C-alpha cells in the first residue's frame with residue numbers, strides 16, 4: 423500500500439504519467455543513441471553506455487516472464 | 107558472459126562457426142613463399158626477431174635470432190628438436206652465448 427499510496431502522491435507531487443513495460447526505458451536506447459552519433463569525441467561511447475544500460479529493465483522484465491530478452 | 111543476458118550452448122555454435130570465418134579469412138591474407146633458401150633465411154630471422162623481442166634477451170635480438178635460424182636449418186623439414194640440446198653455464202655477461210656446431 424505504501425507503494426500504491428506513494429504512487430498517487432507522486433501524481434500529487436508531480437502530475438504526469440509515462441508508459442511502463444520497459445517502454446519508458448526503451449525510448450532512451452533510441453533517443454539518447456542519436457544524441458551520441460552527432461556528439462563525436464569520447465562522449466559517444468560513454469553516452470552509448472546509456473543505450474547499453476536502460477535495456478536491462480525491459481530485458482529482465484521480459485526474461486522474468488520467460489520471453490527472449492533478445 | 108555479457109551475451110549470456115540468452116542460451117549458452119548456442120553461443121558455442123557461433124564462436125565455432127563465426128570464428129571459423131575469421132579462421133578462414135586469416136588464411137587468405139596469409140603470405141606464402143618464397144622457397145629459395147636465399148630468401149628463407151631472411152624471413153626466419155624476421156620471425157625469430159619478432160618472437161625474441163619482449164624477452165629479457167631482446168637487447169641483442171639479432172645475436173639470438175641467428176642462433177635459432179641456424180640450428181633449425183640443420184636437419185631439413187621436419188625433424189625433432191631433441192637432438193640440439195640447450196646447455197647453459199654461468200659465465201660472465203650476456204651475448205657470450207654462441208651456437209656450437211659440436
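Chains as they are written, first to last, in PDB author numbering: chain E, 423 to 492; chain J, 107 to 111, 115 to 211.
Cβ coordinates follow ideal geometry from the N, Cα and C atoms, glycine included.
{"Query": "Residues of the region 144–161 of chain J whose Cβ lies closer than 7 Å to any Cβ of chain E, in chain order", "Result": "none"}
{"Query": "Span separating the alpha-carbon of residue 206/J from that of residue 164/J", "Result": "15 Å"}
{"Query": "Residue-level contact to chain J via CB, residue 479/E, 8 Å cutoff", "Result": "no"}
{"Query": "Residue 469/E, enclosing alpha helix (DSSP H) - first and last residue", "Result": "465–476"}
{"Query": "Residue 445/E versus residue 157/J: straight-line alpha-carbon distance, rounded", "Result": "58 Å"}
{"Query": "Limits of the unbroken alpha helix (DSSP H) element including residue 383/E", "Result": "The structure shown does not extend to residue 383/E, since chain E is modelled only from 423 through 492, so no value can be given for it."}
{"Query": "Beta-carbon proximity check, residue 204/J vs residue 155/J, cutoff 8 Å", "Result": "no"}
{"Query": "Classification of residue 178/J by the beta-carbon crowding that lies within 10 angstroms, buried from 16 upward", "Result": "buried"}
{"Query": "Local Cβ density within 10 Å of residue 458/E, reported as buried at 16 or more and exposed below that", "Result": "buried"}
{"Query": "Local Cβ density within 10 Å of residue 468/E, reported as buried at 16 or more and exposed below that", "Result": "exposed"}
{"Query": "Boundaries of the alpha helix (DSSP H) in which residue 147/J is found, first to last residue", "Result": "146–161"}
{"Query": "Minimum Cβ-Cβ distance from residue 115/J to chain E less than 8 Å", "Result": "yes"}
{"Query": "Proximity winner among 176/J, 123/J, 109/J and 108/J, relative to residue 153/J (alpha-carbon distances)", "Result": "176/J"}
{"Query": "Whole-number beta carbon distance between residue 470/E and residue 455/E, since they are thought to touch under 8 Å", "Result": "7 Å"}
{"Query": "Rounded distance between the beta-carbons of residue 450/E and residue 476/E, thought under 8 Å", "Result": "4 Å"}
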